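Heads up: the structure comes next, in structure tokens.
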Amino acid sequence: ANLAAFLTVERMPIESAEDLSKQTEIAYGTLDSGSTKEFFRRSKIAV
Amino acid sequence: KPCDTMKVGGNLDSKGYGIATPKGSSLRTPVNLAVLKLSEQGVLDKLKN
């Protein structure tokens, strides 16, 4: 039963910006001067 | 303690707490200016910390 569980689950730690936003163990940043930094400084998107 | 709860996910909205006075209160202007003074001098960040 557990071998079947292993194979079935295998058949179907950051994956997104939402992931970065919800945590703080992993630090994250951008180029100190760039269009990336400006994208974030002006984003109206909550995340 | 006992450190058994946890905040999960981002905030559902964005808003603020304000000092409230009766509509038309004489204290409205001084208390609005004081909150901005306490904001600008860093008092509100120190008190939350």
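Each value in this text was obtained by applying a stated rule to the coordinates, not by laboratory testing. FYI the Cβ positions are ideal-geometry reconstructions off the backbone, even for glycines, and counts take in every protein chain you see.
Observations
- For the range B:1-28, the candidate set comprises residues that are more than 19 Å from residue A:24 (Cα to Cα) and basic (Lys, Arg); within that set, the residue that is surrounded by the most Cβ atoms within 10 Å (Cβ to Cβ) is B:28.
- Of all the criteria given as (1) under 11 Å from the mean Cα position of the chain (by Cα); (2) more than 14 Å from every other protein chain (Cβ to nearest Cβ); (3) part of a loop (DSSP other than H, G, I, E, B), the one not satisfied by residue B:15 is (2).
- Of all residues in the range A:20-47 being acidic (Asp, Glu) and over 17 Å from the mean Cα position of the chain (by Cα), the one that is farthest from residue B:13 (Cα to Cα): A:32
- Selection status of residue B:23, assigned to a loop (DSSP other than H, G, I, E, B), charged (D, E, K, R) and closer than 30 Å to residue A:23 by Cβ: no
- When residue B:35 is tested against (1) exposed (fewer than 10 other Cβ atoms within 10 Å of the Cβ); (2) among the β-branched types (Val, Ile, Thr); (3) more than 14 Å from chain A (Cβ to nearest Cβ), only condition (1) is not met.
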